[PDB]
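Read the single chain below, which is given as structure tokens and is the form deposited in one PDB entry.
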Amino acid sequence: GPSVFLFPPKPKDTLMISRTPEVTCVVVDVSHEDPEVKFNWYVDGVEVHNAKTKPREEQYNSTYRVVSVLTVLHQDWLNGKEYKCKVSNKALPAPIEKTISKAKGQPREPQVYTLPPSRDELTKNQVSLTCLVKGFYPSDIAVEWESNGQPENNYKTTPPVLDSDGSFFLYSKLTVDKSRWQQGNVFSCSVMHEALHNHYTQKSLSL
């Protein structure tokens, strides 16, 4: 029979008020003999009817996949409200309820430290600009780089690593042409996190 997977909003969407966070209920292995699926959405046990449900899309494995999308209020997600998708279908003798919420825990403010390339790396044509982000909790975070206000996306960020004090840390590595660094261009690490003031901080880095 069908199975259901419930997905949280992207952290950046929940932290920046202009963006649009969504909880997504995904139903897979919907059969052709019983293809009708009903969604019921609940926020802290209270039914809500503003979800937008997409039409069944057939998969290459001859099963249907039907998706319902619930737009959420930033502050509801951040305050730990619970989001329940209930999925009814004639092949389910009982519906499937999945419930999700923001990761729990006392929030801790990330400290953001930018680190220039090592001297040893200056023999290479590209150098590594490092953004250390430590002391944060919970682990939901967004880390981006830019220069002159424009995205610098040739970077890679480690997963959050649990540190010895219960907090998380990560590193972000931006790779740039050495000529850009030694000519004094300014790069900046931007970090978004619920424990930050206005959910946003930016640290710069230059020669």
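In case it trips you up, residue 1 is the first one in the sequence shown, and so on.
There is another form of the same protein, the form solved in complex with a partner chain; it is not shown, and what comes next is about it.
Asker: Could you tell me if residue 10 has a non-hydrogen atom within 4.5 Å of its partner chain in the entry with it bound?
Answerer: So residue 10 does not count as contacting its partner chain.
Asker: Flag residue 151 as yes or no: does it have a non-hydrogen atom within 4.5 angstroms of any non-hydrogen atom of its partner chain in the entry with it bound?
Answerer: Residue 151: contacts its partner chain in the entry with it bound.
Asker: Whether residue 140 contacts its partner chain in the entry with it bound should be assessed with a 4.5 Å heavy atom distance threshold; does it?
Answerer: No, residue 140 stays farther than 4.5 Å from its partner chain in the entry with it bound.
Asker: Is residue 23 near its partner chain? Define near as a heavy atom within 4.5 Å, in the entry with it bound.
Answerer: It does not: once its partner chain is placed as it appears in the entry with it bound, residue 23 has no heavy atom within 4.5 Å of it.
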